[PDB]
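Take a look at the structure below.
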Amino acid sequence: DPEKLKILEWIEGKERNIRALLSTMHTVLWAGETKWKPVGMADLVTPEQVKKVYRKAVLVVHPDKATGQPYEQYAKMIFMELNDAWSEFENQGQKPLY
């Protein structure tokens with residue numbers, strides 16, 4: 001399906017980059033999603049900011065909440081990528097943007 005390709009294209013280039021994924025995730029969310037709000041790089045400076053934004057993203061694409069939904073598969077792909085990116089962020093010392 002189309003949507004799935006849009007997701008792969010999205011992942012391509014940003015793999016394991018948490019800030020890159022969060023700041024553009026609104027470009028891949030499914031239609032109808034209301035909780036999430038576009039986020040820019042200026043809101044992902046401090047580690048605290050990132051974690052806060054990551055936490056809100058994970059709740060929006062959480063699998064257990066998507067089980068039985070048309071976007072279930074999409075939420076899972078996004079979920080994994082976010083968690084892997086966070087894990088990577090930790091392995092980097094969670095360095096501030098500047």
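How things are named: the first chain in the structure tokens is A, the next is B, and so on; residues count from 1 in each chain; ligands count from 1 in the order shown.
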Using only C-alpha atoms, determine which residues lie at most 8 Å from residue A:89, disregarding the query and same-chain residues fewer than 4 positions distant; provide the list as a ChimeraX atom specification.
/A:16-18,85,93-95
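With only C-alpha atoms taken into account, the protein and nucleic acid residues at most 12 Å from residue A:2 (excluding it and anything under 4 positions from it in its own chain) are residues 6, 7, 8, 9, 28, 30 and 74 of chain A.
The two atoms in question, atom CA of residue A:32 and atom CA of residue A:61, are spaced 12.7 Å apart.
Close contacts of residue A:19, defined as residues with an atom at most 12 Å away when counting only C-alpha atoms, with chain neighbours fewer than 5 positions off set aside, comprise residues 14, 24, 25, 39, 40, 41, 42, 43, 44, 45, 46, 47, 49, 50, 51, 52, 53, 54, 57, 81, 82, 85, 86, 88, 89, 94, 95, 96 and 97 of chain A.
Of the residues under consideration (A:29, A:21, A:11, A:5), A:29 shows the shortest atom-to-atom contact distance to residue A:72 when counting only C-alpha atoms.
Comparing A:65, A:90, A:3, A:78 by their smallest distance to residue A:31, the closest is A:3 (using only C-alpha atoms).
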DSSP alpha helix (DSSP H) residues within chain A, as a ChimeraX atom specification:
/A:2-11,18-22,47-60,63-66,72-90
Atom pair atom CA of residue A:56 / atom CA of residue A:36: separation (Å):
7.8 Å
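In this model, the gap between atom CA of residue A:98 and atom CA of residue A:26 comes to 24.3 Å.
Restricting the calculation to only C-alpha atoms, the smallest distance between residue A:79 and any of A:22, A:37, A:12, A:48 is found for A:22.
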